[PDB]
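Single chain ahead, written as structure tokens, the form deposited in one PDB entry.
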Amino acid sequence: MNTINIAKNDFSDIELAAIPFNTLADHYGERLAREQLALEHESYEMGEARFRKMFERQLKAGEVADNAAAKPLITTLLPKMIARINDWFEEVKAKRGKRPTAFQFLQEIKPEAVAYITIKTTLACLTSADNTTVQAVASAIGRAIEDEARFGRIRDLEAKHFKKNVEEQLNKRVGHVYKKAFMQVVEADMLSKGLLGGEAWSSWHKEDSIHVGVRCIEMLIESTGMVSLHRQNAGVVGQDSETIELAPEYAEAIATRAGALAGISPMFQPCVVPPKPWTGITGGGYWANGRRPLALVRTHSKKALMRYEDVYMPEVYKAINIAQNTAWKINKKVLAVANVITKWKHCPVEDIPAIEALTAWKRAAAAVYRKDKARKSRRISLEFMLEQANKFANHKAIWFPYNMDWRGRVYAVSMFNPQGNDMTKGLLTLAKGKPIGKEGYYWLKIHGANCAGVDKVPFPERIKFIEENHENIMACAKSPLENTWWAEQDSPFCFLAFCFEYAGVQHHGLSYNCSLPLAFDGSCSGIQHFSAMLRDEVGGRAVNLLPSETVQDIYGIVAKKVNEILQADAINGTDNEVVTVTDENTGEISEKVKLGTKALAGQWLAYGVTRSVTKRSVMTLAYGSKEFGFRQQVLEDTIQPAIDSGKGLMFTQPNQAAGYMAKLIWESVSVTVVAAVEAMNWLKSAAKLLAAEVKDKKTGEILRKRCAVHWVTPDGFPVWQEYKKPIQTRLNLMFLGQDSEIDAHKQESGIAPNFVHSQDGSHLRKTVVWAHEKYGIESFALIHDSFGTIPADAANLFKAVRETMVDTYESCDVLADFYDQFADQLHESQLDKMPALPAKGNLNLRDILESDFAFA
């Protein structure tokens, strides 16, 4: 109810504190200091308002218990409630005679769960309905206990395998009513199949539900210090009542956590001065001594950060500080267009005017449900991104602080940042421009080609596309509202950003001062890095590591290989077979048709396999996907949209064709990028052996403990992969879920994506240092595997990003160094089981320097 406004003293500190004002005015003067510290003061003020609205929305809907300010008392109140749940259960079982009316209802539910539900529904009722009456409150337990007892029967006993199917569609429902409707329809379906044992739920009558709840107030008073009973007008049977007795003592305890957590969530804005350079682990970026100091590495534990406190990494610190020094400004011309069309369209480039059936309906019904969520989810940030773009639009320059994740990828810290979407990327441009010149004009035109989606042809055709559309770009730049052509492109606002700079070179010639960031994007960075480590010529050429006759499309290379076997499987290959198969649930044994590869191939050839069929499987390979994961991709990306849109008449049995294509895609991808597949296998074996508590069964003692996986990037950034799992969790059907060990599978399921993402972070960090010290490059646009600068320095960043990768993998065998880190950490019995280093192929890294389409 009452929240401490924490802004009075500590939010007044950051402006009025001496030392933060001292070191910042010494660099940029007092007046930039007074604005920067007031802007950081504002950022905390917009964030305390962010909490209080969310807290006030939670109390309106009765959602006060799932905040992290109500958690730390709740996590210490359940261990006493469970005892008094048992203690009442142990008081009457020894007494002979009848049960008290509610004893039987309390037993069907897990004694930890009933502890929770009596807590939350009482705070839900009092903070929303303002009524202390037991008739509303004792029913609040009793209705929701009956909800969890009846519908948790599905999750508990008769459908533990079938719940895993219906769990996802229950999660996609939002709100207690919608999850209740779905759980009602599910239960009625199973009783038609006779799944839950055939007994339909006999609903508790009203007088039962109140009796269930008047229990759970009484065990709360004896168990915990929360709520102490109060009796009203005793002796008058007309006026005999008892308050809910919710303790104001504990309401203060959530307020000292509501107020404390409201000061630690700031809405991070950009910087009007260059951000404070990183000299240590905390403190910089933003200049003030705030309640939330920026961390150099965004770790999930404070211990994980403290290992970084002493490690000597001069080149990591150099690379972040150079990146922070890039002066950005808001593209005023792009913002003028964006300020107009967003007032008319929810997404300004969305709908431009231009020239077994029950499960298909249910798929279409869920489509508008998700798109209604999607439309609300995309418009609220677009309004915010426009506000932040409009706020700093008149500033001569703004700056973005930078820190890193726990693997070493570089992230801008402000919520408005160059790392956002196309509109935000188009709304931002560099401030320190140069005369564009001949080379800058050429690379500006190339940057224009990639904004329009023309990135699959060589540079002369990319140059040619811009020149043929000269009158289209000029008419778009002269008036962007009379010509929608820029909005039709792949990157619309960034293309319009190119359109104005192209117009400036047309008006002012090659002496035009241009500061547009010209991005260069690595094709598939993980596969690019994996092929470079093991020197795969065939894999490297597929992601343009090598000079090729044209741009190489790794999605279409796989699709060509799939269509090769598809036409081979149309001539030879298995015929259709009849196989006996049983559904495990009904037990019924049926004799269905299993299509041979001959009939399966002719189905796919009727559909037509292009790079759209195999795109997602290649993209998710570096994330760990393999032949099984491709099957649900093929069914979701290709097969089901075909059936819904009139095609799929070939796909008589969709799950058979999805697993057939997944077999073919994996056969093609794992044979095209060989070094990628082998490298993730080696890393997975390493994290598997490191994360075992390997012990002898007879002695029972662990010879070697669970061990985390750790490596060092060639830049000098160290990484610690330590996924940790909790001991016990509780899951409620209608309501929300409530020491540690090493989560061994997450260690295996993360080692190869995190390592190659750590590798492209060191590649990025070495690139911005090499471009800034060997060349004069001072402005940087950095999206993980994307490299951007002003057009005059574009040719050097083009040359520098190739130089660092060539030098790094020539100077560092990052796989063999990774072996040297963990090898002394192995148990004997695992040492024989560790596979050897994957071999080195015939690729020469010096070819990368002349690779036109690596971009990185």
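From 1 onward, residues are counted along the sequence shown. Whichever C-alpha set is largest while still superposing within 1.5 Å between the two forms counts as the rigid core.
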| message | Checking chain continuity here. Are there deposited residues lacking coordinates between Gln738 and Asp739, and if so is it 1 to 3, 4 to 9, or 10 or more (or none)? | response | 10 or more
| remark: Counting residues of the deposited sequence that sit between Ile355 and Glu356 but have no coordinates, the total is 10 or more
| task | For the higher mean C-alpha B factor in the entry, choose 708 to 716 or 583 to 591. | result | 583 to 591
| Mean temperature factor over C-alpha atoms, higher-scoring stretch between 137 to 145 and 649 to 657 | 137 to 145
| request: Using the temperature factors in the entry, find which of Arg231, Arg155, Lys373, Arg535 has the highest value at its Cα atom. | output: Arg231
| C-alpha B-factor winner, where the candidates are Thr299, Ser511, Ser612, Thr121 | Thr121
| request: Taking the values exactly as deposited, rank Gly448 by C-alpha B-factor within its chain and report the matching third: lowest, middle or highest. | output: lowest
| task | Quick one: classify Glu222 as lowest, middle or highest third of the chain based on its Cα B-factor. | result | highest
| remark: Chain-relative C-alpha B factor for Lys438 (record values, thirds): the lowest
| note | Sorting the chain's modelled residues by C-alpha B-factor and splitting them into thirds places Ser811 in the middle
| Is the Cα B-factor recorded for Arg802 in the lowest, middle or highest third of its chain? | lowest
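As for the form deposited in another entry, it is not shown, yet the points below apply to it.
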| note | The one residue in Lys434, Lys110, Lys391, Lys746 whose CA moves 2 Å or more between the shown form and the other one on rigid core superposition is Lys110
| query | Has the Cα of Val340 moved 2 Å or more between the shown form and the other one, judged after a core fit? | reply | no
| message | Once the core is aligned, does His772 move its Cα by at least 2 Å between the shown form and the other one? | response | no
| task | Could you check whether the CA atom of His470 moves 2 Å or more between the shown form and the other one, using the rigid core for the fit? | result | no
| field | Comparison of CA distance in that other deposited form with shown form for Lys391, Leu16, at least 3 Å | value | closer
